[PDB]
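Encoded as structure tokens, the following chain is the form deposited in one PDB entry, with no partner shown.
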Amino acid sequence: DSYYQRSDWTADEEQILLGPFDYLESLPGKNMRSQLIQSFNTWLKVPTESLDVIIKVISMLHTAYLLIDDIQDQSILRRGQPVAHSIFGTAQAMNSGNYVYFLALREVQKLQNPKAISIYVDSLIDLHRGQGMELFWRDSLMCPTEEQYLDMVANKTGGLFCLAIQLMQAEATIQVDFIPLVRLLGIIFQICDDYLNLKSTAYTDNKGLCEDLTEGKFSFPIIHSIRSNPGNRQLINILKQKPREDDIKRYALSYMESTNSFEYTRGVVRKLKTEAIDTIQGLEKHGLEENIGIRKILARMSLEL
């Protein structure tokens, strides 16, 4: 007899809701995320059923982060194709991404681990605190110290690597602590990504020529370069202007060589990879079998450094 009779969710409607998310999963991609899980599973040996739920959760949370990273940054290309919101609009894309956050949270509930929810929130909370500080610096025009940048990347990479490995740990019968190691793989990953954005014919095709400058981000070398001579304000002022122009991007890229900021970056990645390899050997000299996979993942992720 009711005026309003409540109706069910149709598959047709979910097709709309996931429009921008589905679109992005159609674009060919790195799947670096999967080689890291595969390599850490050589030690944790998470049961196939649980590991598949962990893998779909991370697959989702990944593409959802891109949806919202590319809005917050205003990128123009994503994996060489148009960004999702340049097709669906900032509005529909940022709501697809937010939606997936909770479909992932529904998926995590399938592991029926009681610590799974606390792990998820504590990873997601970490993430938003990384992008919290990053935006604050970017928006306030005050460049962070290299230490601050790193602390910020520990949180940021706390929402994928740390979340996936913590979830695998929570499902594995062993209680080695891998999080300090994976946090370091994250830091090595981002500093590399920051370098490749400014110096790679593979990355000027996929994201854009020096796409980090267009968005204003204080990336790892951009920091070192602004600080190295601070009486020069050419570099920080270029970040302010947020240039889509390429002559400006080229000049900034060239000032950054003249501060030898790309050597600097390359030798820190050298120092951090030594810490990784020694940390892995530490894990193996205590009971864990030789991991070829994760040494190869580490060589892969520095291959242009």
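The first residue of the shown sequence is 1; numbering continues from there.
- For the two regions 5 to 13 and 21 to 29, the entry's Cα B-factors average higher over 5 to 13.
- Judged by mean Cα B factor in the deposited record, 241 to 249 ranks above the other of 44 to 52 and 241 to 249.
- The maximum CA B-factor among the listed residues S140, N197, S118, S86, taken from the PDB record, is found at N197.
- The PDB entry assigns its highest CA temperature factor, among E107, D126, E211, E134, to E211.
- In the deposited entry, the Cα temperature factor of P82 sits in the middle third of values across the chain's modelled residues.
- Sort the chain's modelled residues by C-alpha temperature factor and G158 lands in the highest third, per the entry.
- Ranked by C-alpha B-factor against the other modelled residues of its chain, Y99 falls in the lowest third.
- The deposited CA B-factor of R183 belongs to the middle third of values across its chain.
- When the modelled residues of the chain are ordered by their C-alpha B factor, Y203 lands in the highest third.
Although not depicted, the form solved in complex with a small molecule is the subject of the following passage.
- Only one of the listed residues (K249, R266, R33, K273) places a non-hydrogen atom within 4.5 angstroms of the small molecule in the deposited complex, and that residue is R33.
- Residue in contact with the small molecule in the deposited complex (any heavy atom within 4.5 Å), chosen from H128, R106, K115, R79: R79.
- Using a 4.5 angstroms threshold between heavy atoms, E134 stays clear of the small molecule in the deposited complex.
- Although the partner is absent here, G29 sits close enough that one of its heavy atoms falls within 4.5 Å of the small molecule in the deposited complex.
- In the deposited complex, the small molecule lies farther than 4.5 Å from every heavy atom of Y99.
- Remark: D193 counts among the residues lining the small molecule in the deposited complex, judged by a heavy atom distance of 4.5 Å or less.
- Between 164 to 172, 116 to 124, 185 to 193, 134 to 142, the stretch whose residues reach within 4.5 angstroms of the small molecule in the deposited complex through a non-hydrogen atom is 185 to 193.
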